[PDB]
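Report on the structure given below.
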Amino acid sequence: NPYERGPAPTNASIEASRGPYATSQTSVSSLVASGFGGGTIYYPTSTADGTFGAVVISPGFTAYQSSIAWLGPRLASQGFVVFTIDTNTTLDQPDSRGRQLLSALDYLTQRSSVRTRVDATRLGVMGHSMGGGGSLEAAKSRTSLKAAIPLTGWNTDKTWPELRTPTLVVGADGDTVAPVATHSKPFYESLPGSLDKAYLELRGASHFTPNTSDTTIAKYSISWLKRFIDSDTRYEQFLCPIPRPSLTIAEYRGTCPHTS
């Protein structure tokens, strides 16, 4: 597999706050950004191992990059180009957020100063709250996306039978803003039965747990991106068989074994 990056993984390496790649960052001003509010790109400094897949991340309603910034370095140091974006306005709805995720990927791969570090065929989307509902909208418009990860996602559209993108749905047991009963579980249950997918419900968490460093979110997000953006079968072991309920996991559902 030409897309494998970094050493063989262990449970410790996916839980680490800083992966094997040293990282750098650049800012993209809102003046230059076409179709979105600007953002920050986090990327491995080294070009010696080849190009990397890329992930764009959107914040939620009334939120800015500061709410999702901790994911930048944390994911990029595992061998990803990661773009945390601001939206045009903080009141934008999920469908608009989905269009902005795709415009940010377009900018990153076609016009940014790190476009030669990125493999434009291997892209993913992530978001928190309404941004998470936007990640589903983006995967509906662009079915070549390799991974989608909504974090305590919010969307009035509950059913997604069109998706072909492997999706990890992350919910929080105590979320009162986007309750898993009416947002996250319905999203998960409506995805095609043949799709590689998974539902992770955090234990003792709220709607704002994803806005601060969380080892459980990080380890499964890293594994999911490695497995599907890089096709890296060394990370399948963390996902299948599915994890059991624990101190940090309230519930986990999944289609194992994966067929991507």
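Along the sequence shown, residues carry numbers from 1. Computed over heavy atoms, backbone and side chain alike; hydrogens, waters and symmetry mates excluded.
- Here the side chains of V170 and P210 are not in contact, with every heavy-atom distance at 4.5 Å or above.
- Judged by distance alone, the side chains of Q237 and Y235 never bring a donor and an acceptor atom under 3.5 Å apart.
- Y188 and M130 are not part of a single hydrophobic cluster, where members link through side-chain heavy atoms under 4.5 Å apart.
- Neither side chain, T23 nor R18, offers a donor N or O lying under 3.5 Å from an acceptor on the other.
- With hydrogens and angles left out, the side-chain atoms of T89 and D92 include a donor and acceptor closer than 3.5 Å.
- If you check the side chains of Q100 and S96, you find a donor sitting under 3.5 Å from an acceptor.
- Considering every non-hydrogen atom in both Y252 and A198, the closest pair reads OH-CB, 3.6 Å.
- Rounded to the nearest 0.5 Å, atoms CZ (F80) and CZ (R74) are 14.0 Å apart.
- At least one side-chain heavy atom of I222 sits under 4.5 Å from a side-chain heavy atom of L75.
- Listed by chain and number, the residues in a side-chain hydrogen bond (donor to acceptor under 3.5 Å, both in side chains) with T87 amount to none (sequence neighbours excluded).
- For the 3.5 Å distance criterion, the side chains of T152 and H128 qualify, holding a donor opposite an acceptor.
- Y43 has its ring centre no less than 6.0 Å from the ring centre of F83.
- Side chains of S260 and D196: a donor-acceptor N/O pair is present below 3.5 angstrom, by distance only.
- When ring centroids are compared, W224 and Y220 stay outside the 6.0 Å threshold.
- Contact between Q78 and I14 at its shortest, heavy atoms only, is NE2-CA, 4.4 Å.
- Linking ILVMFWY residues whenever their side-chain heavy atoms come closer than 4.5 Å, directly or via other members, places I57 and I217 in the same cluster.
- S129 and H207 form a side-chain donor-acceptor contact under 3.5 Å, judged by distance and modelled atom types alone.
- In this model, a donor atom of one side chain and an acceptor atom of the other lie less than 3.5 Å apart for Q65 and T40.
- Each of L31, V32, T26 was evaluated against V28; a single residue qualifies, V32, per the side chain to side chain contact (heavy atoms under 4.5 Å, CB included) test.
- Counting all heavy atoms, side chain and backbone alike, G153 lies closest to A178 at O-CB, 3.4 Å.
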Check residues 44-55 and write down every donor-acceptor pair under 3.5 Å in which the side-chain atom is one partner and the other belongs to a residue at least two apart or another chain.
unit_1 : atom_1 : unit_2 : atom_2 : d
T45    : OG1    : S24    : OG     : 2.8
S46    : OG     : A48    : N      : 3.1
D49    : OD2    : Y21    : OH     : 2.7

